[PDB]
Each structure stands twice: as C-alpha cells, then as structure tokens.
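Enquirer: 3D, please:
(2 chains, ligands or ions: 2)
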Amino acid sequence: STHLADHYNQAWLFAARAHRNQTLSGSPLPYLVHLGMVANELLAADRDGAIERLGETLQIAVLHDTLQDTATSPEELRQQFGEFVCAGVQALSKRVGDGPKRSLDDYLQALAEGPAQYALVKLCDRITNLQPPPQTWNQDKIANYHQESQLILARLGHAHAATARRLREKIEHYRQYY
Amino acid sequence: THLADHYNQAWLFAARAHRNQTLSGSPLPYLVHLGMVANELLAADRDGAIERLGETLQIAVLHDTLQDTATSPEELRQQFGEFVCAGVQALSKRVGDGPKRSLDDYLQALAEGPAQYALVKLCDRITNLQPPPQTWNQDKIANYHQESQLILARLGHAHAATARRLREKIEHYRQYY
Ligand SMILES: [Mn+2]
Ligand SMILES: [Mn+2]
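Expert: Numbers count the residues shown, from 1 in each chain, chains lettered A, B, ... in the order given. Ligands and ions are numbered 1, 2, ... in the order given. This is the structure:
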C-alpha cells in the first residue's frame, strides 16, 4: 500500500503546521528540529531490530508532541492517521492541551504495559534530549535530568534491545555535563 | 559513529545555516524540505543497502547549504569530511547568486560521479513531486514534469528501488496538468 516515506511526509507536513509557533527550548530554531531527530532515531532503530507497524510508529515519532503543545485534537489524528497513531500520541502525552498532567510513574507504567512501539518512540525521544544541555541549565537541573533519564531506561528499555543499549550510552555520555 | 549521530551533526548544522529561510512562498521553514529528503534517503537503504550510508544521509541533509547559505566548502570539509563536501558540491547547481550550471552539465557530473550523490538527487526530485504550490501555472507544472523525466533517465541507474519510486512519482504528478 503505502511507502514508508509517504507515511513520514504526511505526518511531517502535519507536524510542521501544528508546531509552526514553537521553538526548541532557549533556542530560536524551530521545534521541528527536535521532531526530525526523534523520527530519524526511530527509522535507524529498525536497522538494529525490525519494528512491527514501522510506518505508523515513524508517524508517532513525528507527531508525539502534537496533543501536548499544539491546537491538534485526538479526533484530527484519528481521522487523518488512524487509531494506532492517535493512541500512540495520547500514550506519549504527559498532558493533552489543558487537561490534567499525569505523574511520571503513571506515564511510564502506561507506556511499559502498552504497545512496545509507543515505549520505543519514548526511548528515541529521551536519546534526542540527551544532546548537550541548554547553556542556561545549572548543575542541579542537569543532574536531575540525568536521574529522570535513568528511570526512563529502567521502565521502558524492554521495548527494543538495541535502542535501550543506545540510551544507556547516551546516559553514560551525559554524566560529563555535571 | 551511529547513523543517528551522523544525522544529528548534519541536521543541527543545516538548521543553523538555513535559519532565516522558508519554503518558497510559505511561512514553513526550509528544514521541512531537508527532513523529507533525508527520510527518503534512509528509507531507500531498506530496499538496497547504500555504501557510506552515514555520510550519504548527511549529504541529503546538507545538499542545499552551498546554494542557499553562508556555508563554505572549507567548513563542510573540516566538519563532515571530503566525501560529504564533494557530495554537496556535486548537488549544487549554483553557489549563491553565481551562474547556474546547465542541467546537462549538472546531471552528467552526477551520473559519472559517486552513485550516492546521484541517489540523493533522486530523493530530492521524489520530495519535490508533491502537489505543486497553488501559485504554479500549467506551463510550470508541465516543464517540471518533463525535467523530472530527464533526471530519472540520467540518474535512475544509481539505485533500482529509488528509480522505481521516482517513476511512480512522475506518473502520479501527470494528474496536476
Ligand atoms: Mn519529544
Ligand atoms: Mn533539495
């Protein structure tokens, strides 16, 4: 049916519109910079362990922030991308629009017990977020982000062996910033 | 070095280089195009393994830096290596407000050079055969369709699966005129 690049493009154009008013933290660069790196991580992960429903899981990597940070409705995602993608973005949303924000334990438990592909997108998200910390973070903020990353590894590393290995290496590398 | 670490180095370099640039006539950042080209390139590897995949993915990210940005060949050579620099050069039909190379010259040099650079151009044209912007007249759509046929003929040797994909995109694009 649908080429992997056509799945990407549909999600990518959607996300570029949805996130058009959003930048990276402390940087004037488009938020799209983050989503590019998450999606690339996910497609690279397939090379080191094939992913069931790779097209839709790539789309979930592109769209994973739409319900939290944009004017995007769950109904829009379900109509345009299907249930599995909608439920992927919901699983990855700590908070949907101005609804209640879920605790990390609740968030990680639901991802651990749910479809492994959703958990795998979270590993790709944290790997992306273990680039060098923003220049305005103190030693304490860095240290806390490092410890939170270790919980994400412990709770979700089951999802994909190679990507868990890569997240551990990023966690070990990030130790140098504090 | 991990394929995604190669992507990130080139991606962050490109986001900075292209920071004031939109898609022509859109508020959307130029980065939108680069994401689709790099994704087409990494997808292509699944259907026929590419030699020097990491550097080829960086070439797909960086392919417009010498045309459109303050980027120098020296910077590309120093940060990404001679293979990436030479790839970006092969794909630059012009450098800034300089004279364009003729299509014949451009495609000939891509056909006779490393097959990876030709493969990135097929991924570039695949990306540019999405529905044409509202502002393109019938003539402009028609001519872009026929230029696409020349790219497939001259460069389709580079990667069989990607050539089959460009052919399908060309046959789909015919509906717009
Ligand atoms: Mn994210
Ligand atoms: Mn291009």
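Enquirer: Helix, strand, or coil at residue A:89?
Expert: Assigned with DSSP: H, G, I helix; E, B strand; the rest coil, residue A:89 falls in the helix class.
Enquirer: Tell me which residues of the top helix by length along chain A come out buried.
Expert: Ranked by residue count and defined by DSSP state H, the top helix of chain A is helix A:139-156. By neighbour count on 16 or more other C-beta atoms under 10 Å in any protein chain shown, the buried set for helix A:139-156 is A:142, A:145-146, A:149, A:152, A:155-156. For every residue, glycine as well, the C-beta is placed using N, CA and C.
Enquirer: likewise stretch A:83-90?
Expert: A:84-90.
Enquirer: The residue nearest in space to the middle of chain A sits in which helix or strand?
Expert: Centroid-nearest residue in chain A: residue A:125, 3.6 Å away (criterion: C-alpha atoms, centre = their mean). In this assignment (DSSP states H and E), residue A:125 forms part of helix A:116-129.
Enquirer: Output the contacting helices and strands for that helix.
Expert: Contacts defined by 3 or more C-beta pairs under 8 Å, 6 or more residues apart in numbering or on different chains; DSSP states H and E place helix A:116-129 against helix A:32-47, helix A:54-63, helix A:83-92, helix A:104-113, helix A:139-156, helix A:161-174.
Enquirer: Quick check: which of those helices is nearest to chain B?
Expert: Closest approach to chain B among the helices and strands packed on helix A:116-129 (C-beta to the nearest C-beta): helix A:32-47, 4.5 Å.
Enquirer: now check that closest one, is it near chain B?
Expert: Yes: judged by C-beta under 8 Å from any C-beta of the partner chain, helix A:32-47 and chain B are in contact via A:32-33, A:36-37, A:39-41, A:43-44, A:46-47.
Enquirer: What's the PyMOL line that selects buried ones from these?
Expert: To isolate in PyMOL the members of those that are buried, counting by 16+ other C-beta under 10 Å, one can use:
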select buried, chain A and resi 32+33+36+37+39+40+41+43+44+46
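Enquirer: how about the residues of helix A:32-47 next to chain B, which pair is most distant?
Expert: With C-beta to C-beta as the measure, no two of the residues of helix A:32-47 next to chain B lie farther apart than A:32 and A:47, at 23.5 Å.
Enquirer: that older thread, could I get the buried residues of stretch A:83-90 as TSV with distance to chain B?
Expert: Listed next are those as TSV, based on distance: C-beta to the nearest C-beta, whole Å:
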residue	distance to chain B
A:84	20
A:85	17
A:86	22
A:87	23
A:88	18
A:89	18
A:90	24
